[PDB]
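Residue numbers (my numbering), protein chains in the order written: chain A, 670 to 1149; chain B, 265 to 807; chain C, 392 to 621; chain D, 3 to 520.
Cβ atoms here follow ideal geometry from the backbone N, Cα and C, with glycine treated the same way.
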Amino acid sequence: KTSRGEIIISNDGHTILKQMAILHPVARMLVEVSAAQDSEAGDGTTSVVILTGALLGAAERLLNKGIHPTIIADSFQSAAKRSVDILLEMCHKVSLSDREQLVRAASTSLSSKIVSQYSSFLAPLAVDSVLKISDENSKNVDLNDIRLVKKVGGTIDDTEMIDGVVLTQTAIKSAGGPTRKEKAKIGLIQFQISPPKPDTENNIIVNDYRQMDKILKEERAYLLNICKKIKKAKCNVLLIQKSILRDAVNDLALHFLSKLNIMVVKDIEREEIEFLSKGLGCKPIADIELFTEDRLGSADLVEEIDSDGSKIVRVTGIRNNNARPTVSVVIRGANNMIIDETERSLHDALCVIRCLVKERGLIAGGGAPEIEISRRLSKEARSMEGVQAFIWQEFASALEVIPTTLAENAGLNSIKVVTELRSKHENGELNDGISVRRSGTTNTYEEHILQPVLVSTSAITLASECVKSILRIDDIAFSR
Amino acid sequence: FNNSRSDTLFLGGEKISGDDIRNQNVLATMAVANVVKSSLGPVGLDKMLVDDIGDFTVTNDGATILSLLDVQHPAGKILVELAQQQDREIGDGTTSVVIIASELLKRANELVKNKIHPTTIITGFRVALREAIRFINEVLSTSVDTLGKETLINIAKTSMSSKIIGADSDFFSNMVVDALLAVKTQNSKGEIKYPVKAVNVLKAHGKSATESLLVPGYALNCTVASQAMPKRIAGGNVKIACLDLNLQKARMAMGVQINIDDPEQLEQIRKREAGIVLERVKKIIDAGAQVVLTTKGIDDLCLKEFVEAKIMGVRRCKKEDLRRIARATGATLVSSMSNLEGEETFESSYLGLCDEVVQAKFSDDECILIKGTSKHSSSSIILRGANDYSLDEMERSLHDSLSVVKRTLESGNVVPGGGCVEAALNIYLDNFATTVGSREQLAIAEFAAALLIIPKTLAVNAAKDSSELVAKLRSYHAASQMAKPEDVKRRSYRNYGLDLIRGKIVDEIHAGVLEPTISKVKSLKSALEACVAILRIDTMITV
Amino acid sequence: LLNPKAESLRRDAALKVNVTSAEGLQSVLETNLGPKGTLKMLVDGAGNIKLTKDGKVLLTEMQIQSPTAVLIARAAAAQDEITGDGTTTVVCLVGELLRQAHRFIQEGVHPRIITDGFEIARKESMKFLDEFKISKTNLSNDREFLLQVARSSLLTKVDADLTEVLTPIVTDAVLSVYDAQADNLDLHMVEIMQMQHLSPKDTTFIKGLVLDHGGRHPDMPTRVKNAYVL
Amino acid sequence: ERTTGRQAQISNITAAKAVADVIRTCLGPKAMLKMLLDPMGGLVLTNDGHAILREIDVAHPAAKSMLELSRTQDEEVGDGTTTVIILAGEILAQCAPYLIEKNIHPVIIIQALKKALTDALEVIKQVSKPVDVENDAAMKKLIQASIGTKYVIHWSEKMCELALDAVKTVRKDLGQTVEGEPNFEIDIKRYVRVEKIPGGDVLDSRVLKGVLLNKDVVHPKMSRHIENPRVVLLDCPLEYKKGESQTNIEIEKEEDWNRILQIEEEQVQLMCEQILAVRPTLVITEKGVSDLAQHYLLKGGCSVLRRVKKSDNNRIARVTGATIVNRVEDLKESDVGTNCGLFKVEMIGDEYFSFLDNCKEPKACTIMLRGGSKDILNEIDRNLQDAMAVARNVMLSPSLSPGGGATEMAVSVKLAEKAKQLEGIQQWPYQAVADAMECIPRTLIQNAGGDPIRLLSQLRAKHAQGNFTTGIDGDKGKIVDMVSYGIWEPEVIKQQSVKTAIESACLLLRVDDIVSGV
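Here it is in structure tokens:
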């Protein structure tokens, strides 16, 4: 229950920790880790927090033995680097050149949502969008370059990739709107073309015919002088930042820019100003005096296409060396709850594919790697000596909290299911895990449960960094 | 009690969890269930809703009470959303849905002391819910027992018991049930939707109330005006002309006085007004219409043409009646003859096909009987009785009793209520709980035993003992379901319900209590949707 | 059996408190009754001081929560507008009538018989009221008898020293404005004015009218006999 | 917030018991006074039951429901308002040990009260005696019970004639098995509405059938009497109108002023031609009429009457038949005012009047009240409605029942004897109803000073042996016969006393929980 009185509920650890409003400074680090968990891997924000609490619980036993937290934090560094190296040995290497593995990985992420049978066309959408922006050896690929456009109307089966770019706004509905342009150059104008309107008190009083023409000639000439400087730069399409305070583009300016054969799209959302300046490879224009051709783009065709009722503008063929294939995907649906859940479902599908691009390979989820790594670190702990050797044993026991909690939250017997994993993982390798579909221990690879390796890699990496930032705090004082 | 002020875990709000929040969820749904506990069923009683202003209101509807009920609680507001889900969809049965979810939470809290995990409690309910709908679908049946037994008659008999009409209702129910059964039509693409308003009910002063006759067709209340015209004509086939435009001499307006100082105006207005009304009749007798219905009346001179042609005219017809005649007789209401630049009746286009139109002589008012048109399927009821003062109360109660009958027939798939759904599914899930097992048998046993709370609290408002009736209700269905799957029976009869009017256990199919499939399936499934959402909350964070 | 912000007395206790509260007002107005009574002084709190032996004049200045004494003050409202004197006597008749009936209420007598017994005795008192009265002549030579009548009203409200001074003044004030016939008398024609810095025994009667603003000039004649008013 | 268990049933009984126990002393002519203490220094000493209940502030909603019953009961009949509340409160008190201590389900008690309601009304019909409603001398003695002991006692002879002629005016006696029984359709509120006229005499006050208006002829020379008048009713006034849209009239040239002056005469004349289309003999407009329309309708041979209230036009449609029409252009010729008796404009009390009356009984009328002053008219007004309410109960059925507790005891004796033959679970609450019927005359005994134990037991024994007409006297206080000593009450009061009290007592038992919320 928020302080404002709003009542919300959900099982997502990212939404819980965001609205939890933790005033405890050390506990606020778990929120930043969940933010980094969603920014890097995109999934596992709940398990990375639980793994942090286990290392803090294991550190409590280390402090009772007279061990200084510096060695405790330093031993977690070698424990995290070793756990990832062991995870890479059991990981099944996959490549981006195989399109059959990416569709199956995206289809399983879409089976957890209300939309299931319609994911047949949704799975290659996220796959084909990444394969164009992946190239090779690109490491991290920002999903912010993929823009999911939500429009009301249509259906789920209607989708257009439009890899070039897609805007959020319609075209001019007044008199003179071209609504289409061929061989266009698209700039980004943060300015707004309006008659002079100072922020102080102003008023227009016309008591005579000479006063009416005086106001009209000063306004029409001031608007035309701005329109003349735009034509000299050969600007076919203009994007005006949306400002509801004053007038964005005057109706007289719409008639002037229509005579000059210049396409006009106004009321551009301020959130997209930062996005359109990157993908289109253009630069922001504060003033008309600095507004020139060098900051424009290149567009073969700019048209307004309306599937049903949307009247959305699309642009193709940026044809720039600095601008690269930034893709904006349009999502359509009947009800408002469709395009919403679909956007969040495809966003999680993009995060799973993003994990495979930065780090190739995948592992079997359901607590499978947590059991085997804990068994190997227990055997490899004999190779160490001194205080650190006991930490390897406690670090292995701290990795078993994730598979134990999965058995507890699913109604299965806690102690029974965990022992079944240690028994089956001895003979087999990563072939068995916890699955809620079979209500027991079975093969997660046959049940189509696939967790990418980058999620388990980032969860262990962020856990070692979170526990470090915790134990390094020996005191707190008021500082203003 | 009331866990607060935690010395550790510093937050901007209080945090509770453990068995404290699980006990508050049971106490919250208990007070909400007690509000609708006494309002369950028709035997329930109304309650008072008091606001902060000091005013109040009195209503027995459980849906309006829960909407105005003030409850501050995370699980309590979930039941409020559950109450709004049943009102916006089904609109009835919200009282029974809350009682189901309330008993499930009380028995689920007992499973916590049994060391049963809540996910198994949730999974045990979901697996049982899918198989319960399958068992409900097996006991479903369409409308039956119309020949050899009486079902819809007992429906109209219980609905008329609160009115004077209930004395002769045994004779009156035969007219409403037989009519509405034959009036059903498929509408568009085999809908088979019974009409909500049909079979216009008339009244008469003759004899007693038991003389009411059911006419196989529509019957309009009006006379033939001049008696020189025959009351029975065209037995084999007859055409009825539906005309809203008058055949009477056309005037200018109700506020225009005729004052003629110019003898040219007297000849111009007369022959013009007389020439148009004769042109309207000329297009009738030439169209072959033996029956003419006019809403504004017919003049005397224009009617003379109908006397020689044996055409039956009617003066001052009701406009609301003739619009239904066009659908029953296949005709079309004629607004005006001024369409385009021509004047004519569009012969055979607006004339409907009919069998015979005969005037039956009745006491006091006399009506016009129309039987066997082209496509009608409809009928009419003319009530003869002591006086109109009673028939007006009978006609209003007949339409109210027709409302209960048309809703039961509107759904082609019904299930007997009054405890048949809860008791039959309880015994089935008892033996079915072994077919699953694996820690889920205890959840199915508690889910099945939670169904007996609906007939239990229902018999409490009837002053009858709920311990004896609910127990005996199980013994009757238990022995009835032993030989049922064997496809051989001797004394085995299922579907025994609970009749609280007479205080005895009888079959609700013959008693007249039936509920549609949409009512029972959505009430049981949605009750678990709000029940699971409450069981999934292990923690409450409040600023 | 109660409502919030409400107080109620049940059984006969509600009547006993109303009688007891009326007995409290009786003991207050028992001392000032008659010419041998006492002169009460009331203080509003704003600095005003009023000394009056009249019953109603005191009740209007006093604030009483007891609802029984409120009706007694309302009972005296019709006394001054009709009788004009004897409001204290009426209060003593109401209080003692409740005390004498209080003894019979404790014995179990229903108040209706007590109430009806007072109304029957009231009708019998009116019959004896006309027998005990003395018919006085309408002659205007009764001023000598009116001197004793004026003393009855004066001796009550004063110390009896101002009665002999006010006896010819009050008696001649009514007879002068009243012509001799049946008719009636109007007391509005008698004006009452006051001036300080003198003794009360100097009170004299004025046959004419007293004017406020006088002529200021040293040469104006003080005494003018047989002058024409303009 | 919420009340569960059997304690809520007790709270509903104590809520009605608290209201009943207060007004117990308000029953009878000997009823004791009550003193209400307001937060202000003022007080209310009157014994009127309806006046005290309106000044009492209660909390529990069942106590407010009893006050809502008194508001409806006071409108039906003039007296007996507290009798229903005391009766409904005692039934819940007598059934309190049966509902709580005996652990009886409330529906069993509620279903028993439905049978006891019919059984109690059948006894009243047997105890009541027939009376002649067509005798003018007998009805004046029946109304006199509500006349005397009031300011009108000096005019009682004139008050009984004014009340009898007023009741006979509004009532219409019709019955048959054809269209049903209207039950005479007597409505005091709307159709008996009176017009107080200052001056004149109380004897001069007459009850006229029709609508009385204070507006005279609006033209100096016009016909003041019409043999066969025809009334036409309409809403829109007769005068120069304006356009429904925006109208901007700017007149500069001197020759443009006559254009509006000609339109002013045309727009008024067009409204008059719509009225004269039926050739009426009278014109009655709800709003005012301009002087221009006065001359246009004067040439048409009709009288113009403006400024008539809307509440009067509804009653004019009964005495005339003219259908209310809003716009004058929509006026039908079917609105003719035929069957209108007299148009006489004769002035009464230095104020010009008009007569809409006729020779027929629409069940609508306006009583003409005249007296010595306006304060006398106000005393006659409220006393005339109370006199007609008593006469209304007599005209609704030719039966009278003995008062003073005779009818209350007559039902309790027959109910106890009839319940013994039923032999069911409902037999126990029937004795509680019979005990509640005995508390009403016992309340009169407690107010009369007599022994409630001795007089009640002896009065019940006289019903099982003697007649049922023996009640309790208010003035004396001893058991006496009501018929011989001239104490009577109509049955309609007894019909609404038993029916409304039991029906309200059932509604209070149906609520076992108090819901808190908006």
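Secondary structure at residue i, three-state DSSP: helix, strand or coil?
i, result
"B:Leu737", "helix"
"A:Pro1038", "helix"
"B:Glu779", "strand"
"B:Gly388", "helix"
"A:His761", "strand"
"D:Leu307", "strand"
"B:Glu611", "coil"
"B:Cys618", "strand"
By the criterion of Cβ-Cβ separation under 9 Å, what are the contact partners of residue i in chain C?
i, result
"D:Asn449", "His501, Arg503"
Since residue i meets chain B, which of its residues come closer than 9 Å, beta carbon to beta carbon?
i, result
"D:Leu333", "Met518, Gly519"
"D:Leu278", "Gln521"
"D:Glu183", "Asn651, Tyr653"
"A:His761", "Residues of chain B passing the Cβ test: none, with the nearest at roughly 30 Å."
Hey, quick one: how far does the alpha helix (DSSP H) through residue i stretch, first residue to last?
i, result
"C:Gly415", "404-421"
"B:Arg648", "Careful: B:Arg648 lies outside any alpha helix (DSSP H), inside the beta strand (DSSP E) at 644-648."
"residue 849 of chain B", "Since the displayed chain B opens at 265 and closes at 807, residue 849 of chain B lies outside it and no answer follows."
Which residues in chain B sit within 7 Å of residue i, going by Cβ to Cβ distance?
i, result
"D:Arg512", "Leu309, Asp310"
"D:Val180", "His469, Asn651"
"D:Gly519", "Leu313, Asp315, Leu332, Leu333, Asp334"
"A:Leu725", "Result: empty, since nearest Cβ-Cβ is about 14 Å, beyond 7 Å."
Give the interface partners of residue i over in chain C, defined as CB-CB distance under 7 Å, in chain order.
i, result
"D:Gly406", "In chain order: nothing, as chain C lies at least about 15 Å away."
What does DSSP give as the partner residues of residue i in its beta bridges?
i, result
"A:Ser997", "A:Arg816"
"B:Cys631", "B:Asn485"
"B:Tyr760", "B:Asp771"
"A:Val834", "A:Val984"
Can you name the start and end residues of the beta strand (DSSP E) that residue i belongs to?
i, result
"D:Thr120", "Run containing D:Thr120: none in the beta strand (DSSP E); it sits in the alpha helix (DSSP H), 108-129."
"D:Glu256", "First-last for D:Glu256: undefined, no H or E at that position."
Is there a C-beta anywhere in chain G that falls below 9 Å from the one on residue i?
i, result
"B:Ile708", "Although the question refers to chain G, the structure presented lacks it and instead comprises the protein chains A, B, C and D."
Since residue i meets chain D, which of its residues come closer than 8 Å, beta carbon to beta carbon?
i, result
"C:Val485", "Residues of chain D passing the Cβ test: none, with the nearest at roughly 14 Å."
"B:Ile329", "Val517"
"B:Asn725", "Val109"
List the residues of chain D that residue i touches, going by C-beta distances under 7 Å, in chain order.
i, result
"B:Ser790", "None at all; the shortest Cβ gap to chain D is about 23 Å."
"B:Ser302", "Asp514, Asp515"
inquiry  = Pairs of beta-carbons, one from the stretch 928-940 of chain A and one from the stretch 875-882 of chain A, closer than 8 Å: are there three or more?
reply    = no
inquiry  = With a threshold of 8 Å, are at least 3 pairs of Cβ atoms found where one atom belongs to the stretch 49-67 of chain D and the other to the stretch 597-606 of chain C?
reply    = no
inquiry  = Between the stretch 612-622 of chain B and the stretch 497-504 of chain B, can you find at least three pairs of beta-carbon atoms closer than 8 Å?
reply    = yes
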